[PDB]
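Protein chains in written order, with the authors' numbering: chain I, 1 to 217; chain H, 1 to 217; chain B, 60 to 115; chain A, 60 to 116; chain M, 1 to 210; chain L, 1 to 210.
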Amino acid sequence: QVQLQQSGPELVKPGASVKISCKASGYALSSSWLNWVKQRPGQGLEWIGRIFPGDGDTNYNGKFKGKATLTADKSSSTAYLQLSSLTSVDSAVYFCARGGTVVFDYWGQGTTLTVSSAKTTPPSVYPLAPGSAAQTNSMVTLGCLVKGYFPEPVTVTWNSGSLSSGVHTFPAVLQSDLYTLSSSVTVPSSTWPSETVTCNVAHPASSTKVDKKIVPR
Amino acid sequence: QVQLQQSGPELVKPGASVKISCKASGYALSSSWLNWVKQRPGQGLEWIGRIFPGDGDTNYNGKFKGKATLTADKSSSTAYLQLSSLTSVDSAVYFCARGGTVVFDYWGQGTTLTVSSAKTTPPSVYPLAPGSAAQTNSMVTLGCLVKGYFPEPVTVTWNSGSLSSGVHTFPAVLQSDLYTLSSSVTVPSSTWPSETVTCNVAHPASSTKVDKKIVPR
Amino acid sequence: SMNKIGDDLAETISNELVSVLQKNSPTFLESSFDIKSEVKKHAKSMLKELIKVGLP
Amino acid sequence: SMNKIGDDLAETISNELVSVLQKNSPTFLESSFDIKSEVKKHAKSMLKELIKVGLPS
Amino acid sequence: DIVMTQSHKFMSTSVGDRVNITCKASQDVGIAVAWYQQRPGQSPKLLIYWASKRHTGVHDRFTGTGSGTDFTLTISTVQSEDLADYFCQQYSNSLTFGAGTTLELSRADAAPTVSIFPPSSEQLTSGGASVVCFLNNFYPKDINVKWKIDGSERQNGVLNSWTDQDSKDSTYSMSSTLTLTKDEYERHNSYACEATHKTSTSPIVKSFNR
Amino acid sequence: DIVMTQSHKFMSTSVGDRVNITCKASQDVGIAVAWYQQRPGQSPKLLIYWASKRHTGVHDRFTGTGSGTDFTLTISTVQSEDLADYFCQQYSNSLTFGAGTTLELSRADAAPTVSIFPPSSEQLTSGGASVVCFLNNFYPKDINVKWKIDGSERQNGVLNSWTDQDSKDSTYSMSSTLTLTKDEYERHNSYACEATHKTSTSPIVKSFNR
């Protein structure tokens, strides 16, 4: 069973160092190359470097010579990627991949690296209600603004899942060193403001959860 | 020039032993086989043994394995043949020959081994003359008998070489582990007995030289 | 006897070619047991022909 | 680079084949320098063939 | 120092149909191009390498058609497994990965439903202010949103986010937040969110005032 | 063991003519046969190996042949250099040499001159006795000598010696000594030396009587 087990996600202050491990099975790293690749979240892949565990040879990308260091323990089926002087630009997902020097047969899982000055911070949850104006009144759209939390993720429900159709929850954006979501529902205008609606917003990192009404004021 | 140089002639008593050397030049012994061969007075040619002095591995004939042994000195380009338990049978000329296992592409000059209990001893020189009878009187044939000497060889001349042609000297033969031969001459019948005929033997080993006339009867 | 050394010479040829082949290959080179065996088999035939050029 | 180890292997092959030929030949092998070279050139060309059973897809 | 450009961020297809994914190299890269698939929540996996060789286990539908500065990955028949992201890669001199292409499901045109919301009282007492506009359930993903403050263009202070293609009705949704200070927000009256799209010559405009 | 027999102890030839030196093996020796030349006083040299292949330096004259239990060494043109001894050798499983063939110059038949001599008075005081018979200047070398003591034949106590082909007149000579005790010699009266040769049906015989 070929598998490449990497270490868990890392959340580290800017300027610090991190050592991501990559453990292999189902084949011998002693006769292969192990490569490391950075997929910025949403953007595309950049190569970092590779190592030959058996002969302990390293080839690096010019981009990452000063920042990245590769090493290996031939007897532990394990190689490590060490990254120094971290910034928000190094915040990405890092894979290790088996292969030759340039074509990668089987990739790992991808260890998430997030680099930020922020400490664990609960979101501000602002209700999004319409004004007194009205148009195409068949359906009404509400929302919330999860804002200023760290780290990810955030779970959002409406009426604790009692309102599951016509809902849109959006991936957070990184705004001012913190993450912001928005989410919206669409209920028929018949039952609102008649029937109450609620922002459920859960941030498991801080164990902070919000149950907030949407009001016309 | 390529050549193989062997040690000098040998005299041994029965039961004793010899070491014959064979120095090589013009090629590398550590890349070849050196073979030893017995050539007897009966002209039969027999093979003894070989060595690959680069390794030192040997191979012997079952007839000589008991008493023939080969060693070599790589740093001196020299192979050695050692013979124990000597006897008149082993008395022969011994060649050392370059080649592979079999085909002897180049031969040395040979070492003469004489095995005998005899000590250095002069020949008896006996005059050979016809009896009173008249034998084919156109010519007269006289002779001599160079008998019971050791070692080889002897020199034979007639009237100190003045009686040059029409003479026959024969190679020696073995009587009782001693050497013996005879020689003849054909002077015309009118010359002798009135013109003295003599045979002039010489045995360099014993520094014995014989000057004997041929007398009638 | 002739072929004792032959197979061992093929063994060194076969494994060394594989090591260099692996360390410089742009791809992983899976099933390297089958890579080696073809090379080692081919290597022996090569050795038989190389031996032959030393003719009488 | 690609011939860095191709030559070393041809050299090792040529030397060991010759030493065996000499020790197992009934004929003295003359001009072994020439013998090796034929074996070494033949070794090189066929080493470049052996290496090519790697990935010729 | 070498570019691999995948012209199309997205390619449309239906299940059972034929589709291509293109890649363009800025200079000659021989046949040294590899294609990878990455489904959401998956590490990449190899489809093609050397620009036409199929890797172990990849189904025959993943044809590869490549040399030079122009390469193409063709999927003979598209199915659920193929709704994924695709990257091309050059390794002739150095590693450049392509920009990436996302294979989507085609559906009939759909205009977005647009809503606009003022900043909340709670936010306005903290000194912040966020004007939120949702644009939901539209296709194709080619949408362009413009913000206006008192009828005048606003570019900065705007952060946007999209959902991937909805699994039920194959549409895309977009959220756009314009964030300002309490100081500036209170210095203006009209706020509008204006969407340019292929489903209406007129941009979709919806507005609020104070 | 395997036996290599050279039937002809001697071959007759002349400068400018062809000659075949043959060699018969007792068991199949394949082509594993070598030929050597040996001039008198010299060590052997290789001419042919593998029964038909010339050794480096060997002239076109030396055209060896054969496989099996029969082999040949054809000299196309005989020179003075070739008047030497010739040996064959087999190495199929083990090494065996032949006893050699000796290449002589051919000349017209020649009958020997024969002499007979009694023991000397000096030898007969020491106790021994040697009756001597010379047979000189005959060709070919095939000559047979028998000793008769008072008619009765003699074999034991007889030592023979031979010369090689004389360089002046291409003949051979032989010496035969009948070595007896003084007692044996004195108890007999008539001594005679006989020889059979191609030149005469009647043997050559010469007598001595005390």
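The C-beta atom is built at its ideal place from N, Cα and C for all residues, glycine as well.
May I have the straight-line CA-CA distance separating residue i from residue j, to the nearest angstrom?
i	j	result
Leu124 of chain M	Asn160 of chain M	21 Å
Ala202 of chain H	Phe170 of chain H	15 Å
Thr198 of chain I	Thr180 of chain I	18 Å
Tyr94 of chain H	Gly100 of chain L	17 Å
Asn200 of chain H	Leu178 of chain H	20 Å
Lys23 of chain I	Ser207 of chain I	32 Å
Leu47 of chain L	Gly100 of chain H	16 Å
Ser190 of chain H	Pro203 of chain L	28 Å
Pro193 of chain H	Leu142 of chain H	11 Å
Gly151 of chain L	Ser190 of chain L	8 Å
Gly65 of chain B	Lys103 of chain B	7 Å
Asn144 of chain M	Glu152 of chain I	28 Å
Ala110 of chain M	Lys53 of chain M	40 Å
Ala118 of chain H	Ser88 of chain H	11 Å
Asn209 of chain M	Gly157 of chain M	19 Å
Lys74 of chain I	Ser90 of chain B	21 Å
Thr69 of chain I	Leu86 of chain I	13 Å
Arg61 of chain L	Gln5 of chain H	30 Å
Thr72 of chain L	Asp166 of chain L	27 Å
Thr111 of chain H	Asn74 of chain A	36 Å
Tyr172 of chain L	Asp142 of chain L	10 Å
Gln43 of chain H	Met105 of chain A	52 Å
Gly108 of chain H	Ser138 of chain H	49 Å
Our contact map puts residue i next to residue j with C-beta atoms below 8 Å; I'd like the distance itself, whole angstroms only.
i	j	result
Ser32 of chain H	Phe92 of chain A	Incorrect: roughly 15 Å between the Cβ atoms, too far for contact.
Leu105 of chain M	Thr13 of chain M	7 Å
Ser184 of chain I	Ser121 of chain M	That pair is no contact at about 19 Å.
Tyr149 of chain H	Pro123 of chain H	4 Å
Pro53 of chain I	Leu83 of chain I	That pair is no contact at about 19 Å.
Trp47 of chain H	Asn59 of chain H	Not quite, the Cβ-Cβ distance comes to about 10 Å (not below 8 Å), so this is no contact.
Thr96 of chain M	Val19 of chain M	At roughly 24 Å, the Cβ-Cβ gap does not stay under 8 Å, so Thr96 of chain M and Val19 of chain M are not in contact.
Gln79 of chain M	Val15 of chain M	6 Å
Give me whichever residues DSSP pairs with residue i in a beta bridge.
i	result
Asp85 of chain L	L:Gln38 and L:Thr102
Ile48 of chain L	L:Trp35 and L:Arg54
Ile149 of chain L	L:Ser152 and L:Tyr191
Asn137 of chain L	Note: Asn137 of chain L sits in no beta bridge, so no partner.
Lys23 of chain H	H:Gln5 and H:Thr78
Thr120 of chain I	Answer by DSSP bridge pairing: none, since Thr120 of chain I is not bridged.
How far does the beta strand (DSSP E) with residue i in it reach, from first residue to last?
i	result
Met105 of chain A	Taken as a continuous stretch (DSSP letters only), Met105 of chain A belongs to no beta strand (DSSP E), being part of the alpha helix (DSSP H) at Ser91 to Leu109.
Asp57 of chain I	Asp57 to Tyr60
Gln82 of chain H	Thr78 to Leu83
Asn200 of chain I	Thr198 to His203
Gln39 of chain I	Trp33 to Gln39
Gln175 of chain H	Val173 to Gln175
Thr125 of chain L	Looking at the DSSP string, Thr125 of chain L is not in any beta strand (DSSP E); the run it does join, the alpha helix (DSSP H), is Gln123 to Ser126.
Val205 of chain M	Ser200 to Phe208
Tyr106 of chain I	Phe104 to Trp107
In the DSSP assignment, the alpha helix (DSSP H) including residue i goes from what residue to what residue?
i	result
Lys147 of chain I	Run containing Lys147 of chain I: none in the alpha helix (DSSP H); it sits in the beta strand (DSSP E), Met139 to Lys147.
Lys182 of chain M	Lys182 to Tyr185
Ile72 of chain B	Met61 to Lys82
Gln27 of chain M	That residue, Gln27 of chain M, is in no alpha helix (DSSP H); it is neither H nor E in DSSP.
With burial defined as no fewer than 16 other Cβ atoms inside 10 Å of the residue's Cβ, what is the status of residue i: buried or exposed?
i	result
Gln1 of chain H	exposed
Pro130 of chain I	buried
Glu194 of chain M	buried
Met61 of chain B	exposed
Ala134 of chain H	exposed
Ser164 of chain H	exposed
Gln42 of chain M	exposed
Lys38 of chain I	buried
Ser17 of chain I	exposed
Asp105 of chain I	buried
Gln3 of chain I	exposed
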